[PDB]
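*Asks:* Quick one: the structure is below, questions incoming.
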Amino acid sequence: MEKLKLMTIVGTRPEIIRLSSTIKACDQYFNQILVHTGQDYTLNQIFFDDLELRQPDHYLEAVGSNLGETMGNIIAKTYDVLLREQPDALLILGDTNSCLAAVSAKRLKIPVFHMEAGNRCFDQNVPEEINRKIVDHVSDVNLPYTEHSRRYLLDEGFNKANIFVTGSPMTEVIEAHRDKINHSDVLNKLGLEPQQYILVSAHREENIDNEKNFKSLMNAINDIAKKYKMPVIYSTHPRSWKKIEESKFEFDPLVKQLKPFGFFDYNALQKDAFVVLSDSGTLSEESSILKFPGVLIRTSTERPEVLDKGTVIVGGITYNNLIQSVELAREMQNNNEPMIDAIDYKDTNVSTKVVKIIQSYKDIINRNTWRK
Amino acid sequence: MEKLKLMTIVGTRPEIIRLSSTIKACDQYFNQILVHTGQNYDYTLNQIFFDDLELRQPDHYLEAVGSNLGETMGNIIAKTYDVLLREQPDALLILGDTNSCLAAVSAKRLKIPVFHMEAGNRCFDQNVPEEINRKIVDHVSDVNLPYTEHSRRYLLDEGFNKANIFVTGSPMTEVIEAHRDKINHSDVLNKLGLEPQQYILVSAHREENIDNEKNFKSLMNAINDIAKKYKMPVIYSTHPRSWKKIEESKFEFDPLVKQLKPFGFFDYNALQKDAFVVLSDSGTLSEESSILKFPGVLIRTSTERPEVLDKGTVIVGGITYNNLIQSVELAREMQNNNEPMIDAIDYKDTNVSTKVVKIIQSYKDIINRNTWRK
Amino acid sequence: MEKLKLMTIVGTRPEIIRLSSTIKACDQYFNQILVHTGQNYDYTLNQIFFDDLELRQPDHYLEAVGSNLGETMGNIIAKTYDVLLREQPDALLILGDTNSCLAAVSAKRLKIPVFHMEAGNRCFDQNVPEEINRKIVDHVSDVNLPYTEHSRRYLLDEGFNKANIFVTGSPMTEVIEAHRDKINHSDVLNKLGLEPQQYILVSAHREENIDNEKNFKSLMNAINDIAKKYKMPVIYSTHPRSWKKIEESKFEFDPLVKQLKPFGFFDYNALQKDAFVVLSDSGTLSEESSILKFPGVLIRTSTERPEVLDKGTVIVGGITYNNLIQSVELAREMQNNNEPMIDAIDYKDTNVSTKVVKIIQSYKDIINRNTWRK
Amino acid sequence: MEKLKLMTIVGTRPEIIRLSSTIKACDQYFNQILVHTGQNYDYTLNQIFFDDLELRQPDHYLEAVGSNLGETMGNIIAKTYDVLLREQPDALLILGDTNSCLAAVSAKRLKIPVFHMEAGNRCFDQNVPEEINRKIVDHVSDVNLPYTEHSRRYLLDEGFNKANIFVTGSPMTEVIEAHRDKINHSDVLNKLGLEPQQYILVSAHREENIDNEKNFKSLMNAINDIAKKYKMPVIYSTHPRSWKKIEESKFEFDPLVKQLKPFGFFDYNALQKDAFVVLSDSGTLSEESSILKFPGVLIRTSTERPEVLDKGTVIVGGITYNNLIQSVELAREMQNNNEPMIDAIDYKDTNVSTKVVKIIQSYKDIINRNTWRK
Amino acid sequence: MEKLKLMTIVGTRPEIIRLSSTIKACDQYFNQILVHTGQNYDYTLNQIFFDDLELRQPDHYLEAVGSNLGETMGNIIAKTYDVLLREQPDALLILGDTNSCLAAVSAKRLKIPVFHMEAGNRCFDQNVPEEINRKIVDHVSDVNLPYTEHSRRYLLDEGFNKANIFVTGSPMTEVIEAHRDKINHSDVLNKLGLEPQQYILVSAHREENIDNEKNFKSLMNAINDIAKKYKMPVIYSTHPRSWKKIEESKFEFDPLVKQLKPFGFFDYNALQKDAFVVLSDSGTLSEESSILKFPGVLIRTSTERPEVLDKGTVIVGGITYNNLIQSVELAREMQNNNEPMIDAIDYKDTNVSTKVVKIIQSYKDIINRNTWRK
């Protein structure tokens, strides 16, 4: 007997990392066509080496000069591999262009399952929020992480029949590899002593290319080095480092430039840090699971479930609240003050919840939406 | 003392099974008059079945029913209206979406507070018959007690009174508890001589899983090829009507497929819980598979129990041959990989009986005041 | 040709008066089977009123009604269930919130599209007995045609289907139109020995304006101190049980108040228009006052006609003495100062007949493909 | 360093108890300026209160309050408005629906982020004086911190900003853990010479349970025939405007009914926990009975704590003699049989303090950007 | 006779102007007590003001006000409560989002029904200071009376009582009607000696269009380049504070730019209608230009009058210099091509005075029974 043919599409790190355990299970129980769009030196590490994940059945080589082309391609290329394979159903995660795949899918009346549905920061100025909107509303079955997201989705009048709450995939994903995270010798290979180094991740566009903001960050990254006197392990984009000349320099001795690390290594680093300042998507969750002090360096969060439990503090950019936040963050953890699992992160069986939703709801959408 | 007069109105077996524990507690703490809409006068043979539930018999058999589904509805309104006039009870307690629950229409015209368990029960497929009464009985009830937050949500969107909804939980976990003794000490396996994990169960009792001449072909054809592929008996509990229509042309479902007798809850749950796989359309399945952690495959096109799909407790087989197979193969393949069965959020609680009781005592008066003014 | 076979189901007079114009059309464009829940045996005197009105007579009568409200519901369902099963209509028409329109409950089971005019009627006081049927039939109906945006809103918020709602607008302007020759050419001012603008009219027919002991006292006490204050006739139409009780201690009443012999539609409105002030509790009090611009003072403590307050074409007298005095003092004191009466939006169109006809044709097949899928 | 400057404004005692755990925390992590609206010029009491509870002394006392509610309301706005303008704080922390938290209306003008715990409190009876201030402060505050998911649902539906609603959980489960020994190593049972499970407790402080002449009757009546029925001591706690009102012939209700000397927080709860049954009209009755698992009976006709009925931690007596004796019988009848007492969901967590700290830092600067564009 | 006792409470000239036509009808039909929150102490201007509006003087003058926006809020609450006790009026009539309508906080504590015109005003910019009181006084009012069907929708989505909202339409048409005599015969063009269509009007009264220095620069800079490009005199009405800080180097701005005195409703409207272009932030502009059909450009970032953008009767020029010049061109360049000005739907009705009066006599009591159960 032929097994259900699913197509699963990824493009960025976190796409690949959160799907990581959901892809391995969709191999077990389905006939999974793994597509990969256009877009990386240290993404070959988390694929293959860390996640020990199996090769894609297609790389599409989308990319191009200028955003407009890339978005164009992904739609077109995606359109073809969806004609050429005719899968019964499509898996998509999140807010990247690599899930503009949903538009082509929808045209070819192929049912769409979207994990990381209903994601809302409620600031238009965040680039993510343009797709986020489109693709929530074009995916036939929406699988949001939280109930916050299920609420958000119902409120924009999306079919309450075709919503299921997976919970976060990131508990399961961290669990699977927990061994490798605690056995990471990454500390011993940077000569770093647990709770005596501060890790920073300013990767985001609105924290570098916007002018006043980058200034606020950087001035604080110094004062944070000085105020505690442990090495600051600063992980950004290269341009961000080349751009930090313009005769500002200072950066104490202590502020180090930091190689982009794999999953285990970067987590192991996070887990045993003094404080983490990250604009990372995974922070709100990484901090809640691996139990560590994170100041979240955004002006908005899509992960409120965590504020509801006192697991995170929201820095922002203006210098004072970053400082205040990090002093709050440590003072708190220095009084062994409770840090509780968020409700929707407890379940570690996301992989199988989704495989069962796809088997269940492929026909049901064909029957309902498309009338076959 | 002076006690609260509660008339609890029922009519179908599953109705009762779910009220089973709930009725017991209403006898304890109230003056419960238990009305039935059906007959007792073939029911000195079938009195065991629904005493063996360890339950007192009803105080009143309305012997409603007539020529057509119509006369029979008509009756249940009038015959209830009457028994409600006679006993003049303080509150009406009602389960689910049967024709019994039109009793609410009568109690309502008579300004008796109405308390409807299993509220907000939605599969969103108007072609499903249950869904007609569901809509009516939810909106004419005064206190709505859905099993789930899903079902609270559904009610709050249809614009029902915020103040008068409570999430009781599913009654099943508690029932199954007050009988897991009877279940675990069940011969049924040794009566039918089956090894545990070496038989497959198929419960197919619904019009539109029996009648729609096409669906009955996709299924019979799949009950065959299931037998063929696994090579184990295939205990098949359906209606008599189908047995009439299957004794023509196609015998093809092997020696292995067998007929079932009726079997009381106690026996039937011991038969489900050790089955290799269970293909049911019984509304329970969703709940029973969560509780008695077994491989469940819903042969429907719509659920009122999505809280299960949220947790990964069930797979929905559907009614097309091809998926009905893919679906069983997915069930077995994941039990054999020892994947997890996980408790739904609203199925965790076992104190539903006592939960309703306080609710009824509380909101009896609150409804006379707010909704009627007295 | 063969034409759309359309059962139309009525009960009370007010129900038929509104459906009047709308039936007449259905008769021209469709194969309309009219049907009446009550009795005809006696009717060989009533015949007049509900033929004078030029309305043809029901194809069937259901001689339902029983020992108690309760028998009689139980009847209309089973009775209506059959009239449908026989004549096998393509679709059901229906108006308002009488027990006559539990007809839907059956029509729904038998997979007949129901169209329900006077949809989304709400006053938001469940003490008002109409509020019980209102909720039920709106949710069992397949297409709701409310008179106003107001109700379309009410409905959407009860989470009803966006796509199966149309605002017919009030059918009362179309019907008052079709009879304004038979209204402006009526003797009924002569008949009763009355000059125009020289007589108050009072209609208290609602129970609980009447039965309720205090409400009677206030109301009666008022109709008095009105007649003395304004010193003109006070033409009064109530039920008999009130007159029966009026011959008591407070017999006084005063010589100016008279009884009113029940007069046909034409005559009753011809009365109301040329009246000095009107106190009624008819649902029509709101609409009629609007369409024939006269001062009306609703004896109630809720409307389902807010649209009329949005334009200032009615005061709400209520039930208490002190108010009704002021409300009527207001009413007159305003029409004395030439203050404007304004058409409400949803009362201006007069094609409600042809609208329903065009809507019923359009959506009949839709409601099958969609809800029932054939 | 600099720290965030948090003004915490308080008024009534229950406000200060719930904030107790949360205040001690903002002191630890912030520059907290605690402000009381009432008068200090009676020193002792304002300081024997804070002492047994271990809360610090307020930096400031607003000696507002005037001839009437109206003068005193407006004194809080203007005196509050001033304390805010002087201290130029970063943010405002507020609990509940006392006249104190009109302070928001001031803060909001001076563009100070308001954080408002016990948000979305709704019992849906506008008769109940709290529901006035409830609507107002909820909707002027910039971040609403509702105890439960219920109160979130309420708020979202009043279309408050999605993005600034966080569910803290109830702060009682924390306050009550933080004084758990002070309770269990407490004398109050020796002090008064009572064996556990051997005394009933009655607290009726709410005006309208007391100052309403009918309700007063039924309660005193019901406290009477309780004392007689169960023949135990009945430790009564009520305002003295009521006591003084016992002198005129209805003084009877047996000798077992005692007065109550008020008791600090620790001791009153110890009294409640070990009680046979508790009647009270405290909003704390709901929570206290859940967390210390004793059989409570709310003497109201509305909760703002429906979460507790979702689990069956409580019964609602009402004010009627009948439904009160009944609801007490149930409580102990259902205690007798060791029926379960289940933790409500939003009463579980006990870090409500650290939640509120982490939130105020997070969202203070967010509000300045979003609302006030700085 | 004995008539309903209304207390209408005002505080500001533009408040009064809108009520002008409503107030007059309230002297006719009720016993109206007209309270004011400020002082008269100034026969000189406070008498000439009520001269033109043909309006009786206020019955009372609370003189509320003091040191800071805080004292003055606090007082309107206390001083309103006092005068509300004394007169024990049956109902309170209130307009808009001034501090004067904090009157409803006090009245609401004395269970006096509150009626609120200009209900449901939302521009949706939380930085705009009216948007604080708008939120409070909408949610503490008992019956809301929005101008627009927009503002109904807005009030409905903050979950306000469906039964207690009524769309009056805008009161401005009515007040312009009740003068357009005085307007069409105005010497203000003779007096200031401007030919019609040959001057440009700029009404810049809002703080935030004056105090926020960048806004003040982008506007002044703008007023010049307009004076210059068109070569017409520029009637410019603003506050003292600007003039004082406008003469700071760049006081020279063109000979063409001239000074305004205040001018009456009649004169300023008369000046408006015959202007070439009119730049305003006066909320009126949105309406004043739908009605007296002139080119309006709104110097603002938000509108509480979308109904106008729906029909194409105004351009929102905003505060940034560039978009201002483009906006004013777009006005002239469009009026020269003679492009359609069109009536806003909710601005057509002219019987708002009466409309309210009936709605008060009606819901005065409905509210005492429903909200206050009496």
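We label chains A, B, ... in the order they appear in the structure tokens, count residues from 1 in each chain, and number ligands from 1 in the order shown.
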Could you list, as a tab-separated table (two decimals) with N, CA, C and O atoms, in the first residue's frame, every residue of chain E that has an atom within 12 Å of an atom of chain C, counting only C-alpha atoms?

*Replies:*
chain	number	residue	atom	x	y	z
E	1	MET	N	-49.70	68.61	36.16
E	1	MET	CA	-48.99	67.95	35.01
E	1	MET	C	-47.83	67.10	35.55
E	1	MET	O	-47.92	65.85	35.42
E	2	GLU	N	-46.83	67.74	36.20
E	2	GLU	CA	-45.59	67.13	36.79
E	2	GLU	C	-44.74	66.50	35.68
E	2	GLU	O	-45.14	65.44	35.17
E	3	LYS	N	-43.59	67.11	35.37
E	3	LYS	CA	-42.74	66.75	34.21
E	3	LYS	C	-41.41	66.16	34.67
E	3	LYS	O	-40.96	66.48	35.80
E	4	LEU	N	-40.78	65.37	33.80
E	4	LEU	CA	-39.47	64.73	34.04
E	4	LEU	C	-38.46	65.82	34.41
E	4	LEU	O	-38.50	66.88	33.78
E	5	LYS	N	-37.67	65.63	35.46
E	5	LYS	CA	-36.67	66.65	35.87
E	5	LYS	C	-35.31	66.24	35.32
E	5	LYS	O	-34.70	65.27	35.83
E	25	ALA	N	-35.43	72.52	23.21
E	25	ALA	CA	-36.50	71.50	23.19
E	25	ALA	C	-36.70	70.93	24.60
E	25	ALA	O	-37.79	70.43	24.87
E	26	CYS	N	-35.68	70.96	25.45
E	26	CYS	CA	-35.73	70.33	26.79
E	26	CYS	C	-36.46	71.26	27.77
E	26	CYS	O	-37.14	70.72	28.66
E	28	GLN	N	-38.96	73.13	26.69
E	28	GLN	CA	-40.32	72.93	26.15
E	28	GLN	C	-40.94	71.71	26.81
E	28	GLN	O	-42.02	71.86	27.36
E	29	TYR	N	-40.26	70.57	26.79
E	29	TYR	CA	-40.92	69.25	26.97
E	29	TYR	C	-40.64	68.67	28.37
E	29	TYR	O	-41.48	67.89	28.83
E	30	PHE	N	-39.56	69.08	29.03
E	30	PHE	CA	-39.24	68.64	30.42
E	30	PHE	C	-39.07	69.86	31.35
E	30	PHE	O	-39.18	71.02	30.89
E	31	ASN	N	-38.81	69.57	32.63
E	31	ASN	CA	-38.32	70.51	33.67
E	31	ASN	C	-36.78	70.45	33.69
E	31	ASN	O	-36.23	69.65	34.50
E	90	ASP	N	-34.23	63.25	37.48
E	90	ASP	CA	-34.66	61.90	37.06
E	90	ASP	C	-33.63	61.32	36.09
E	90	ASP	O	-33.66	60.08	35.94
E	144	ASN	N	-25.96	55.63	25.49
E	144	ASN	CA	-25.04	56.34	24.56
E	144	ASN	C	-25.79	56.73	23.28
E	144	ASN	O	-26.60	55.93	22.79
E	145	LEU	N	-25.50	57.92	22.77
E	145	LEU	CA	-26.20	58.52	21.61
E	145	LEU	C	-25.15	59.01	20.62
E	145	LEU	O	-24.86	60.20	20.54
E	146	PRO	N	-24.55	58.10	19.83
E	146	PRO	CA	-23.54	58.49	18.86
E	146	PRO	C	-24.16	59.24	17.67
E	146	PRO	O	-25.34	58.99	17.35
E	147	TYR	N	-23.38	60.14	17.05
E	147	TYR	CA	-23.75	60.88	15.82
E	147	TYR	C	-23.85	59.91	14.63
E	147	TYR	O	-24.62	60.17	13.69
E	148	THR	N	-23.04	58.87	14.63
E	148	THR	CA	-22.72	58.08	13.42
E	148	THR	C	-23.05	56.62	13.65
E	148	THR	O	-23.05	56.19	14.82
E	149	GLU	N	-23.25	55.89	12.55
E	149	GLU	CA	-23.37	54.41	12.56
E	149	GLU	C	-21.96	53.84	12.76
E	149	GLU	O	-21.86	52.74	13.28
E	152	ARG	N	-21.58	53.81	16.50
E	152	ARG	CA	-22.38	52.66	17.01
E	152	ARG	C	-21.45	51.45	17.00
E	152	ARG	O	-21.20	50.86	18.08
E	153	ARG	N	-20.91	51.15	15.82
E	153	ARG	CA	-20.03	49.98	15.61
E	153	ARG	C	-18.90	50.02	16.63
E	153	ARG	O	-18.60	48.94	17.25
E	156	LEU	N	-20.17	49.33	20.09
E	156	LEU	CA	-20.56	47.90	20.10
E	156	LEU	C	-19.31	47.01	20.29
E	156	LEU	O	-19.45	46.03	21.03
E	157	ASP	N	-18.15	47.34	19.71
E	157	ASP	CA	-16.98	46.42	19.76
E	157	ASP	C	-16.20	46.60	21.06
E	157	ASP	O	-15.33	45.76	21.36
E	159	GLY	N	-18.09	46.41	23.50
E	159	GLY	CA	-19.06	45.51	24.16
E	159	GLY	C	-20.05	46.25	25.04
E	159	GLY	O	-20.42	45.68	26.07
E	161	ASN	N	-23.87	47.89	25.90
E	161	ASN	CA	-25.24	47.29	25.84
E	161	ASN	C	-25.94	47.67	24.52
E	161	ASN	O	-26.30	48.86	24.36
E	162	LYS	N	-26.17	46.66	23.64
E	162	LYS	CA	-26.81	46.77	22.29
E	162	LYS	C	-28.13	47.57	22.34
E	162	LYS	O	-28.42	48.30	21.37
E	163	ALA	N	-28.92	47.37	23.40
E	163	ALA	CA	-30.29	47.91	23.58
E	163	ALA	C	-30.25	49.42	23.88
E	163	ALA	O	-31.29	50.10	23.65
E	164	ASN	N	-29.09	49.92	24.37
E	164	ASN	CA	-28.93	51.26	24.98
E	164	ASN	C	-28.01	52.13	24.11
E	164	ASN	O	-27.33	53.02	24.67
E	165	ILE	N	-28.00	51.91	22.79
E	165	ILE	CA	-27.31	52.78	21.80
E	165	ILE	C	-28.36	53.27	20.80
E	165	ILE	O	-29.23	52.47	20.44
E	166	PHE	N	-28.27	54.52	20.36
E	166	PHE	CA	-29.20	55.13	19.38
E	166	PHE	C	-28.44	56.21	18.61
E	166	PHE	O	-27.79	57.07	19.22
E	167	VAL	N	-28.52	56.17	17.28
E	167	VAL	CA	-27.82	57.12	16.37
E	167	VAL	C	-28.72	58.35	16.19
E	167	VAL	O	-29.70	58.26	15.43
E	168	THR	N	-28.40	59.44	16.87
E	168	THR	CA	-29.14	60.73	16.79
E	168	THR	C	-28.92	61.38	15.40
E	168	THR	O	-29.81	62.12	14.93
E	169	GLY	N	-27.82	61.07	14.71
E	169	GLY	CA	-27.24	61.93	13.66
E	169	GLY	C	-26.48	63.09	14.28
E	169	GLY	O	-26.59	63.27	15.51
E	345	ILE	N	-24.25	60.72	5.47
E	345	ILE	CA	-25.52	60.01	5.76
E	345	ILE	C	-26.04	60.50	7.11
E	345	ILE	O	-27.14	61.03	7.14
E	346	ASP	N	-25.24	60.40	8.17
E	346	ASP	CA	-25.70	60.65	9.56
E	346	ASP	C	-25.81	62.17	9.81
E	346	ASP	O	-26.30	62.55	10.90
E	348	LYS	N	-27.68	64.21	7.78
E	348	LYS	CA	-28.87	64.72	7.04
E	348	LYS	C	-29.97	65.09	8.05
E	348	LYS	O	-30.55	66.17	7.88
E	349	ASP	N	-30.18	64.32	9.10
E	349	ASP	CA	-31.36	64.55	9.98
E	349	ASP	C	-31.15	65.84	10.78
E	349	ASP	O	-30.01	66.08	11.24
E	350	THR	N	-32.24	66.60	10.94
E	350	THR	CA	-32.30	67.95	11.57
E	350	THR	C	-33.26	67.97	12.78
E	350	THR	O	-33.57	69.06	13.27
E	351	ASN	N	-33.68	66.80	13.26
E	351	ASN	CA	-34.64	66.66	14.39
E	351	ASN	C	-33.97	65.88	15.52
E	351	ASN	O	-34.55	64.89	15.99
E	352	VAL	N	-32.78	66.31	15.93
E	352	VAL	CA	-31.93	65.61	16.94
E	352	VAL	C	-32.40	66.03	18.34
E	352	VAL	O	-32.51	65.15	19.22
E	353	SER	N	-32.68	67.32	18.51
E	353	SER	CA	-33.32	67.92	19.71
E	353	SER	C	-34.48	67.03	20.17
E	353	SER	O	-34.40	66.47	21.29
E	354	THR	N	-35.49	66.88	19.31
E	354	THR	CA	-36.72	66.09	19.57
E	354	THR	C	-36.31	64.62	19.80
E	354	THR	O	-36.61	64.08	20.88
E	355	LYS	N	-35.58	64.03	18.84
E	355	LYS	CA	-35.11	62.62	18.84
E	355	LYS	C	-34.66	62.19	20.25
E	355	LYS	O	-35.11	61.13	20.73
E	356	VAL	N	-33.76	62.98	20.83
E	356	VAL	CA	-33.20	62.77	22.20
E	356	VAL	C	-34.37	62.81	23.18
E	356	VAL	O	-34.58	61.82	23.90
E	357	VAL	N	-35.12	63.91	23.18
E	357	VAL	CA	-36.21	64.18	24.15
E	357	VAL	C	-37.09	62.92	24.28
E	357	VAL	O	-37.29	62.46	25.41
E	358	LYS	N	-37.56	62.36	23.17
E	358	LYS	CA	-38.37	61.11	23.21
E	358	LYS	C	-37.53	59.99	23.85
E	358	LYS	O	-38.03	59.38	24.81
E	359	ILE	N	-36.29	59.80	23.40
E	359	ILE	CA	-35.36	58.72	23.87
E	359	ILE	C	-35.10	58.86	25.38
E	359	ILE	O	-34.86	57.80	26.02
E	360	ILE	N	-35.14	60.08	25.95
E	360	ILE	CA	-34.96	60.31	27.41
E	360	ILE	C	-36.24	59.90	28.15
E	360	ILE	O	-36.14	59.15	29.11
E	361	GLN	N	-37.39	60.37	27.70
E	361	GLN	CA	-38.69	60.05	28.37
E	361	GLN	C	-38.86	58.53	28.37
E	361	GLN	O	-39.57	58.02	29.27
E	362	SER	N	-38.23	57.86	27.42
E	362	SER	CA	-38.39	56.41	27.16
E	362	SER	C	-37.46	55.59	28.08
E	362	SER	O	-37.94	54.66	28.77
E	363	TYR	N	-36.17	55.90	28.07
E	363	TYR	CA	-35.13	55.03	28.66
E	363	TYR	C	-34.78	55.55	30.06
E	363	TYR	O	-34.08	54.83	30.77
E	364	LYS	N	-35.31	56.71	30.45
E	364	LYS	CA	-35.26	57.18	31.86
E	364	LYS	C	-35.61	56.00	32.75
E	364	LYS	O	-34.85	55.70	33.68
E	365	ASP	N	-36.73	55.34	32.42
E	365	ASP	CA	-37.38	54.34	33.30
E	365	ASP	C	-36.81	52.96	32.97
E	365	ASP	O	-36.39	52.26	33.92
E	366	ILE	N	-36.75	52.61	31.68
E	366	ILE	CA	-36.13	51.34	31.22
E	366	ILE	C	-34.84	51.11	32.00
E	366	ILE	O	-34.59	49.97	32.39
E	367	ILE	N	-34.06	52.16	32.23
E	367	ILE	CA	-32.75	52.06	32.94
E	367	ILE	C	-32.96	51.87	34.44
E	367	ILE	O	-32.19	51.11	35.04
E	368	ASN	N	-33.94	52.54	35.04
E	368	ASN	CA	-34.21	52.40	36.50
E	368	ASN	C	-34.63	50.94	36.79
E	368	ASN	O	-34.24	50.40	37.86
E	369	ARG	N	-35.33	50.29	35.84
E	369	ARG	CA	-35.85	48.90	35.99
E	369	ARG	C	-34.75	47.88	35.66
E	369	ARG	O	-34.61	46.89	36.38
E	370	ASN	N	-34.00	48.09	34.59
E	370	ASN	CA	-33.04	47.06	34.11
E	370	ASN	C	-31.74	47.18	34.90
E	370	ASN	O	-31.41	46.22	35.60
E	374	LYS	N	-35.71	48.40	40.39
E	374	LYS	CA	-36.31	49.32	41.40
E	374	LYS	C	-37.80	48.96	41.66
E	374	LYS	O	-38.37	49.09	42.79

*Asks:* Can you check which residues of range 77-281 of chain C DSSP gives as helix (DSSP H, G or I) on the backbone and send them as a PyMOL selection string?

*Replies:* chain C and resi 77-87+99-101+103-109+130-140+149-157+172-178+181-184+188-191+213-230+240-246+265-274

*Asks:* If you run DSSP over the backbone, which residues in range 87-253 of chain D end up strand (DSSP E)? Put them as a compact mmCIF listing (two decimals) with C-alpha atoms, in the first residue's frame.

*Replies:*
# COMPACT_ATOMS: atom_id res chain seq x y z
CA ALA D 91 4.90 53.73 36.28
CA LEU D 92 1.78 53.18 38.48
CA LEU D 93 0.87 49.83 40.19
CA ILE D 94 -2.82 49.41 41.19
CA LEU D 95 -4.95 46.52 42.54
CA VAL D 114 -0.59 52.23 34.62
CA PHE D 115 -0.23 48.52 35.58
CA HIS D 116 -3.58 47.36 37.03
CA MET D 117 -3.79 43.93 38.77
CA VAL D 143 -1.45 47.23 30.90
CA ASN D 144 -4.24 45.01 32.40
CA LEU D 145 -3.03 42.09 34.61
CA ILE D 200 -19.57 27.29 61.85
CA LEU D 201 -18.16 30.71 60.69
CA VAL D 202 -20.39 33.55 59.26
CA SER D 203 -18.95 36.81 57.80
CA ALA D 204 -21.62 39.27 56.42
CA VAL D 234 -21.72 29.96 65.11
CA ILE D 235 -18.78 32.51 65.18
CA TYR D 236 -20.56 35.54 63.57
CA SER D 237 -18.52 38.43 62.02
CA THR D 238 -20.48 41.52 60.77

*Asks:* Pull out every residue of chain A that has at least one atom within 6 Å of chain B, counting only C-alpha atoms, and report them as a VMD selection string.

*Replies:* chain A and resid 164 to 165 353 356 360

*Asks:* Can I get the selected residues back with N, CA, C and O atoms, as a compact mmCIF listing (two decimals), in the first residue's frame?

*Replies:*
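part32.txt, freshly written:
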# COMPACT_ATOMS: atom_id res chain seq x y z
N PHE A 164 -5.44 23.72 15.16
CA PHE A 164 -4.94 22.82 16.23
C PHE A 164 -3.71 23.49 16.85
O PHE A 164 -2.95 24.15 16.11
N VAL A 165 -3.58 23.37 18.17
CA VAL A 165 -2.44 23.93 18.95
C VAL A 165 -1.48 22.78 19.23
O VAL A 165 -1.80 21.92 20.08
N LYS A 353 2.10 14.72 16.77
CA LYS A 353 0.81 15.46 16.82
C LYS A 353 0.43 15.93 15.43
O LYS A 353 -0.80 15.87 15.10
N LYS A 356 -0.09 13.04 12.72
CA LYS A 356 -1.48 12.60 12.91
C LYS A 356 -2.44 13.68 12.40
O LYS A 356 -3.51 13.30 11.93
N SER A 360 -5.10 12.97 9.20
CA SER A 360 -6.51 13.22 9.58
C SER A 360 -7.17 14.24 8.65
O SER A 360 -8.37 14.06 8.34

*Asks:* What's around range 100-113 of chain C at 9 Å? Count only C-alpha atoms, leave out sequence neighbours fewer than 6 positions away in its own chain, and write the answer as a ChimeraX atom specification.

*Replies:* /B:69-70,127,129,132-133 /C:9-12,36-38,73,76-82,84-85,88-94,133,136-137,140-143,363-365,367-368,371-372

*Asks:* When you draw a straight line from CA of residue 253 in chain D to CA of residue 224 in chain D, how long is it in Å?

*Replies:*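 About the pair CA of residue 253 in chain D and CA of residue 224 in chain D: they are 4.4 Å apart.
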
*Asks:* In Å to one decimal, how far is CA of residue 266 in chain D from CA of residue 56 in chain D?

*Replies:* 17.4 Å

*Asks:* Show me, as a count of residues only, the residues that have an atom within 12 Å of residue 297 in chain A when counting only C-alpha atoms, minus same-chain residues fewer than 3 positions from it.

*Replies:* 39
